[PDB]
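Novice: Kindly return the folded structure for what I paste below:
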Amino acid sequence: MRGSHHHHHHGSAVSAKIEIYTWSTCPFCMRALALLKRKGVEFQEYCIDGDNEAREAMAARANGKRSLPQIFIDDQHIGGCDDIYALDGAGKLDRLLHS
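Specialist: Residues are numbered from 1 along each chain as shown. See below for the structure:
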């Protein structure tokens, strides 16, 4: 396989699992999406507009919270828009993303 390949016992390649539950038109969700997009990271958005079943699935993972958005990185609950911005302002978010 021609190319410039990195080796460090990675095995099968996998990357940060980044998830965000949103309503598309929530201004807090929009602000959080903008931050993740500006980082350039690959991520999954669960847009749950009008979907109560999905909100209950979200609350089950997010400490019972139904507020939006809810963000997870590598299966760890990070919190909402304020939480991710606070992490970035503290110089801690890139390391979680990771780098």
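Novice: Kindly list the longest helix within the protein.
Specialist: Ranked by number of residues, the top helix in the chain under DSSP state H is helix 27-39.
Novice: Residue 19 is in contact with residue 41, correct?
Specialist: No. Counting by CB atoms under 8 Å, no contact exists between residue 41 and residue 19, whose distance comes to 11.4 Å. No exception for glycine: its C-beta is placed from N, CA and C like everyone else's.
Novice: And those two? Which one has more around it.
Specialist: Neighbours were counted for residue 41 and for residue 19 using other CB atoms under 10 Å; residue 19 has more, 19 against 15.
Novice: Double-check that that one belongs to a strand.
Specialist: Yes. Counting by DSSP: H, G, I helix; E, B strand; the rest coil, residue 19 is found in a strand.
Novice: For it, give its distance to residue 7.
Specialist: 29 Å (CB to CB, to the nearest Å).
Novice: quick one, strands of this protein?
Specialist: Here the chain has its strands, by DSSP state E, at 18-22, 44-47, 70-73, 76-79.
Novice: closest to residue 55 out of those?
Specialist: Nearest to residue 55 among the strands of the chain is strand 18-22 (8.0 Å), distances taken as CB to CB.
Novice: what angle do the closest one and helix 27-39 make?
Specialist: Here the directions of strand 18-22 and helix 27-39 differ by 150 degrees (axes from the mean of the first three to the mean of the last three CA atoms, to 10 degrees).
Novice: With just CA atoms, put stretch 49-69 into PDB.
Specialist: The C-alpha trace of stretch 49-69 is given here as PDB (Å, rounded to 0.1, in the frame of the first residue of the first chain):
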ATOM      1  CA  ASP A  49     -36.400  17.900  16.900                       C
ATOM      2  CA  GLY A  50     -39.800  16.800  18.100                       C
ATOM      3  CA  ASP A  51     -38.600  13.400  19.100                       C
ATOM      4  CA  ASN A  52     -39.500  12.600  22.700                       C
ATOM      5  CA  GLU A  53     -38.300   9.000  22.600                       C
ATOM      6  CA  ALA A  54     -34.900  10.200  21.600                       C
ATOM      7  CA  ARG A  55     -34.900  12.800  24.400                       C
ATOM      8  CA  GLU A  56     -35.500  10.100  26.900                       C
ATOM      9  CA  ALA A  57     -32.600   8.100  25.500                       C
ATOM     10  CA  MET A  58     -30.500  11.200  25.800                       C
ATOM     11  CA  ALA A  59     -31.600  11.800  29.400                       C
ATOM     12  CA  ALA A  60     -30.600   8.200  30.300                       C
ATOM     13  CA  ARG A  61     -27.000   9.000  29.300                       C
ATOM     14  CA  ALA A  62     -26.900  12.600  30.400                       C
ATOM     15  CA  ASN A  63     -27.500  12.200  34.100                       C
ATOM     16  CA  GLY A  64     -31.200  12.600  33.700                       C
ATOM     17  CA  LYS A  65     -30.800  16.000  31.900                       C
ATOM     18  CA  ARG A  66     -33.200  16.900  29.100                       C
ATOM     19  CA  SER A  67     -31.600  20.300  28.500                       C
ATOM     20  CA  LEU A  68     -30.000  20.800  25.100                       C
ATOM     21  CA  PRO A  69     -27.400  20.300  23.800                       C
END
